[PDB]
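Chain by chain, the residues run as shown.
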Amino acid sequence: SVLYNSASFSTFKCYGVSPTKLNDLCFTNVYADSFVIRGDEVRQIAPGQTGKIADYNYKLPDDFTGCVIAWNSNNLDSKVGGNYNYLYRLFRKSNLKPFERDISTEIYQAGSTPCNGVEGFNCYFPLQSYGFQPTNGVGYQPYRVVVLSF
Amino acid sequence: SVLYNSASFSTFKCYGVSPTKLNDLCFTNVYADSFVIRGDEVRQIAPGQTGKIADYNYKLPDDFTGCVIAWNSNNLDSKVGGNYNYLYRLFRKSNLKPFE
Amino acid sequence: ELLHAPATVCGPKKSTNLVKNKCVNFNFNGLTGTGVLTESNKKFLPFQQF
Amino acid sequence: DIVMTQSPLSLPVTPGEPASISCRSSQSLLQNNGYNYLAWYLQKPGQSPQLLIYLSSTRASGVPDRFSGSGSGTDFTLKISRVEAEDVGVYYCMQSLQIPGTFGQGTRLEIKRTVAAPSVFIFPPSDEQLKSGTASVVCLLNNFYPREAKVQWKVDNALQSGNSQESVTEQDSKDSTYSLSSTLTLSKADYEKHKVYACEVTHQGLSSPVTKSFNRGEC
Amino acid sequence: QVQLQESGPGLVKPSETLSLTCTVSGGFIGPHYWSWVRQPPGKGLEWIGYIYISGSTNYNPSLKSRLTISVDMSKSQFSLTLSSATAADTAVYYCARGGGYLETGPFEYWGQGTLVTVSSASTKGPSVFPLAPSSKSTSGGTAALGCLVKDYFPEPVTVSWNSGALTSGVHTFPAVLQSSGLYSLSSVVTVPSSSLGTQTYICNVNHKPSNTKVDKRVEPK
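Method of determination for the deposited model, per the PDB record: cryo-EM, at 3.12 Å resolution.

### So, the interface of chain B and chain C
In many analyses, interface size is given as the accessible surface area lost on bringing the parts together. Contacts between the two partners involve six residues from chain B, matched on the other side by eleven residues from chain C. Area buried by chain B at its contact with chain C is led by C26, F27 and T28 of chain B, which between them contribute 69% of it. Taken together, the links from chain B to chain C amount to two residue pairs in polar contact. Per-class residue counts for the side of chain B that touches chain C are three nonpolar, three polar and no charged.

### Topic: the sheet that holds strand β8 (residues 73–80) of chain D
In sheet architecture, strand pairing relies on hydrogen bonds along the backbone and comes in two forms, parallel and antiparallel. Residues and elements named next belong to chain D. With antiparallel pairing, four strands are arranged side by side in an open sheet as β1-β3-β8-β7. Looking at which strands have only one partner, the edges of the open sheet turn out to be β1 (5–7) and β7 (67–70). Shown here is a sheet whose adjacent strand axes are inclined to one another by a mean of 20°, direction ignored. Pairing of strand β3 (residues 19–29) with β8, which is carried by seven bridges, proceeds in the antiparallel orientation. Bridge pairing in β8 places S20 opposite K79.

### Examining the sheet that holds strand β4 (residues 34–39) of chain E
Residues and elements named next belong to chain E. With respect to topology, six strands assemble into an open sheet ordered β2-β10-β9-β4-β5-β6, the strand pairing being mixed. The open sheet has two edge strands, β2 (11–12) and β6 (57–59), and neither has a second partner. Sheet topology note: the β2/strand β10 (residues 114–118) ladder contains two bridges and is parallel. The residue of β10 that forms the bridge with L11 is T117.

### Points about the state of the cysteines
One covalent bond between the sulfur atoms of two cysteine residues makes up a disulfide. Inspection of the entire model under this criterion finds six disulfides over all chains. The disulfide that involves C14 of chain B links it to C67 of chain B, with 2.0 Å between the sulfurs. Disulfide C14 of chain B-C67 of chain B: torsion about the S-S bond near 110°, hence right-handed. With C14 of chain B in strand β1 (residues 11–14) and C67 of chain B in strand β2 (residues 67–70), this pair connects stretches of sequence that are 53 residues apart. For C14 of chain B, a relative accessible area of 17% gives the class buried. Disulfide partner of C147 of chain E: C203 of chain E, at an S-S distance of 2.0 Å. Its S-S torsion of approximately -85° makes the covalent link between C147 of chain E and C203 of chain E left-handed. Highlighted residues: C147 of chain E in strand β12 (residues 143–152) and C203 of chain E in strand β17 (residues 201–206), separated in sequence by 56 residues. Considered together, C147 of chain E and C203 of chain E belong to a single accessibility category, that of buried residues. The thiol of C26 of chain B is not disulfide-bonded; the next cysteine sulfur, from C10 of chain C, is found 3.9 Å away. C26 of chain B sits in the partly exposed class, given a relative accessible area of 22%. The class of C10 of chain C is partly exposed, set by a relative accessible area of 46%.

### Some details on the interface of chain E and chain D
Counting from both sides, the interface comprises 33 residues of chain E and, opposite them, 38 residues of chain D. The junction of chain E with chain D conceals about 3,300 Å² of combined surface from both sides, 66% of it contributed by carbon and sulfur atoms. Ranking the residues of chain E by area buried against chain D places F129, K136 and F173 of chain E at the top, with a combined share of 19%. Counting across the chain E and chain D interface gives three residue pairs in polar contact. Elements represented by at least two residues in the side of chain E that touches chain D include exactly β11 (127–131) and β16 (183–191) of chain E. For the side of chain E that touches chain D, the element with the most residues is β11 of chain E, which contributes four residues. Taken together, the residues that form the side of chain E that touches chain D break down as 17 nonpolar, 13 polar and three charged.

### Some remarks on the arrangement of the chains
Inter-chain contacts occur across six pairs of chains; the most extensive set of contacts lies between chains D and E. Chain C shows no contact with chain D. Their nearest C-alpha atoms sit 20 Å apart. The closest approach of any C-alpha atom in chain A to one in chain E is 15 Å; the two make no contact.

### A closer look at the pattern of salt bridges
Considering all chains together, one arrives at 14 salt bridges over all chains under this definition. Two residues, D77 of chain A and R144 of chain A, come together in a salt bridge whose shortest N-O distance is 3.1 Å. With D77 of chain A in the loop between β3 (66–72) and β4 (87–89) and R144 of chain A in strand β6 (residues 143–147), this pair connects stretches of sequence that are 67 residues apart. Each of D40 and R43 of chain B together with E103 of chain E takes part in salt bridges that share partners, so that together they form one network.

### Brief notes about the nonpolar core
Counting residues in hydrophobic clusters, the biggest one holds 65 residues, and the most contacted among them are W40 of chain D together with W36 and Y93 of chain E. For this core, the element with the highest residue contribution is strand β9 (residues 91–95) of chain E, accounting for five residues. In this view, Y93 of chain E contacts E6, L18, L20, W36, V37, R38, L80, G113, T114 and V116 of chain E; residues no more than four positions away in its chain are not counted.

### Regarding the pairing of strand β8 (residues 77–82) of chain E
Residue and element names in this part refer to chain E. Only one face of β8 is buried: it carries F78, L80 and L82, and the other face, with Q77, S79 and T81, is open. Direction of pairing for strand β3 (residues 18–23) relative to β8: antiparallel, over a ladder of six bridges. If you follow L20 over to β8, its bridge partner there is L80. Bridging between strand β7 (residues 67–69) and β8 involves three bridges; their strand directions are antiparallel. Its bridge partner lying in β8, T68 is registered against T81.

### Thoughts on the packing of aromatic side chains
Any aromatic ring pair is given by two values, namely how distant the centres are and how the planes are angled relative to each other. Counted by the stated rule, this structure contains 29 aromatic pairs over all chains. Ring geometry for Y41 of chain D versus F107 of chain E: centroids 6.2 Å apart, planes at 55°, classification tilted. Of this pair, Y41 of chain D sits in strand β4 (residues 39–43) while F107 of chain E sits in the loop between β9 and β10, placing the two residues on different chains. Comparing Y41 of chain D with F107 of chain E shows no difference in burial state: the two are buried. Cluster of aromatic residues (ring-pair linked, three or more members): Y41, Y92 and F103 of chain D together with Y94, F107 and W110 of chain E. Taking NZ or CZ as reference, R24 of chain D lies 5.5 Å from the ring centre of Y84 of chain A, over its face. Looking at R216 of chain D, its charged tip hangs above the ring of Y191 of chain D, at a distance of 5.3 Å from the centre.

Parameters and conventions
Residues numbered from 1 in each chain as written, not as in the entry; some residues may be left out. Chains lettered and ligands numbered in written order. Part of a larger assembly, values for the part shown. Heavy atoms only, no water. Residues with missing side-chain atoms left out of burial classes, pairs and counts. Contact = heavy atoms within 4.5 Å. Buried area = accessible area lost by both parts, 1.4 Å probe. Polar contact = N/O pair within 3.5 Å; in protein donor to acceptor, adjacent residues only side chain to side chain. Nonpolar A, V, L, I, M, F, W, Y, C, P; charged D, E, K, R; others polar. Pairing = 2+ DSSP bridges. Helix = DSSP H or I, 4+ residues; strand = E, 2+ residues; numbered from the N terminus. Axes fitted to C-alpha atoms, helices over the stretch in contact; angles between N-to-C directions. Disulfide = S-S within 2.5 Å. Buried < 20%, exposed > 50% of the residue type's maximum accessible area, 1.4 Å probe, protein only. Salt bridge = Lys/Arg side-chain N within 4 Å of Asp/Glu carboxyl O. Core = buried A, V, L, I, M, F, W, Y, C linked by side-chain atoms within 4.5 Å. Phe/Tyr/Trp six-rings, centres within 6.5 Å; stacked < 30°, edge-to-face > 60°. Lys NZ or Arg CZ within 6 Å of the ring centre and 35° of its normal.

Encoded structure:
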C-alpha cells in the first residue's frame, strides 16, 4: 500500500499482476534488483524492448512477472566536479540473454587484430563512464531504478 | 573472399555491412570508383569529413556507403623525375554534390 | 545498393557429393525434404526440373 | 557546445619522476573513422602556443619523444616521462570533432627546487619624481623559492597599508626562480614629514626577518 | 618555413569597426585553411573561425552577425573585420595556419600576437624615470638598476637594454592599474657589478600607438 501510495517515486508502472491486487498474494520468492541508469532509456528496462542498454547489459524475458520502479536521485550525485562512479559498456560484443550478469572485461574488435592495448585505430576499450555533471538534461539526470519479480 | 583474405591491403573499412557476410545477402548492382591519392590524405575518404578531397574532389555522401579499400603502392610510382602526370583540384569556388 | 530491381548479382553456391540408397536431408536448388535417392527410368522433357 | 574539463588545475612535480594530466570530454569523440581527434598545446610564459600531440597518438615534428597520449571515447591522458627546466607552462586540450572547437581551463604545471635565500634591494626616489608630483620607493626581491612571502613598509616605525602594490613574475625557465617587487606611492605634501624608510621581507628559508633601511638626505 | 605576423591599431572606440591583417611570408599559395583565435586577459582561448584560400568560410554561431573575413592572394594577406564591438572584446588576437576545420584541427603555426583595447578614452604618452643605483642598492659586490615608465596608455610597452646586448638579469614586471586610471610599469636589471663608472646604461622604451621612442640614461648617484 505504501509503495503505490508513495508519490516520491517518479515512475511506478508494471504488469503481470495489477498493483491494487498485490495486498492478497503469497508468492514463493521475491527478487530485489537495483542499479543505476541515466534518465534516458529508462523505458528500455521493460522486456520485449530493444536498445543500447536493454539488449546488452540488462535484458528481461518476455515471460517476466514483476514490477519496475524508478525515482530521481540527482540531489546527491551531481553539481560537483564530475561524478565518475557508474560505468557501462558500449555497443559491442554479441548481444545478451535474459539474466546473465556476465563481466568479462577485455579488449576486442574486428579487423584481424592482436590484444596488446587500446590502439584506437584497430581496437577499443569496451567500457566508459556516464556524465551527469551538467544540471541540464531531463533524461540525463542520474536516475535510480529497481526491478522486483515473481 | 579473394580480396578480403589478401594481406596486401593496408586498410579495409566497411560501412553498413560486416565484411564476411556479404556473400549471403546479395545486392542488385555495385560500383567500382578508383583514383590515386596520398598516404596521409586517405582519411578524407569517409562519410562526411571536410578537407581538400571531401569538399572539392570526389566526395562521399552521408547515405549508405559500401567498403572503402586502400594500400601502399610506392613500388611502381618512383624515380627522380616524379610522376607529375597526376593532378588534383585545389581552386574550387563552391562545395560539391555527392559523386560530382 | 539493393532496392531498385530484382537481384541479378548473387554470391557463389557450393555443392556437396550426392549419395544413393540412404536416408538423407536433400536440398536441390531450394527444394527441401527427406528421403532416399535411387535411380529412375522417367522420361523428363528437357525443360522440366521436378 | 561541449565543455572540456581537466584534473587537477595546479600540479607541483619534482624533476626526474613521471607526471600525468587528464582531460575528460563531455561527448563521445570518435568520428565515422577509427580516429579520435584531440590536441595538447603548451604555452610557455611570454610566448605563443605550440603543438605537441594531434590525433592523441601521433607526435609533431621536432617534439622530443617523451610525451604520449592514449584512451578513446571520452577519456584521454597525457604523461611526461621526465620533466625539465623548460617545461614550465599552461597546458590545454582541444576537441575538433565538430564546430565549434573550444579549449579547457588550462592545467598549470609547477617545478620544484631546493630553497634558496632571497636577495633584497631598495630603490630611493630620484629628483625627477621628486619634482613630477609623486615620489615612489621600490623594494626588490630576486631569485627566491617558494613564492610564498609577504612584505610590509615601515615608515618611521609605523605600519602602512592601502597605498602599495606588489608585482610578481612567472617562474623562470632557466633556474626555476620567482622574483617580486613592491611599489609605494606618496605625494609631495606629506612626504616632507618622515626621515627613515624601509621594506620588510620574510621568507621560509630565512632564519630571521631581514630589514634594510635608508635615511632621506643622502645622495 | 612560415613566419606569421599581425599589424593594426591598438585602441578602438566602442561600437566601431575593428580591422587587422595577418601577413604571411615564406610559404606562399597553397591548399591550407587559415583561422583566427583570441584570448581574454587571464582566461582561456577562444577560436573564432576559418577561411579558405578561395573564400569559402564557416563562422562561430555566437559571432556570425557582426564579423567578416576575406583574403588577398597578391599581397599574401588576410584581414579580420569586426564591427559594433563592445568592451568585452578587448583581448589579444593570434592568427593561425592549420585551421580547426572540424576534421583534424592541427594548429601547426601561430603568430606573435596583437593586443586590442575597446574604449572611448584617448591614447597617452609615457614619462620615463631612471632608477639610479645608490649605496643601499648594493649589498656586497652586486648592484641592481633599471628604468621606470609612468602615465602611458594603452598597453603594451617593450623595454630593451644595450640594444639587445644585455640579456642576462633583465626583468620586466607586469604593469599595474592605478586608481587615477593610468597604467604603470618598471623594469630592473641585475648585474655582477664590478665595472661601474664606464658602462653605459640605456633602457629602450617604445610605444607603437603613440610612436614614442626614448632611450633614457641612468647613472649612479
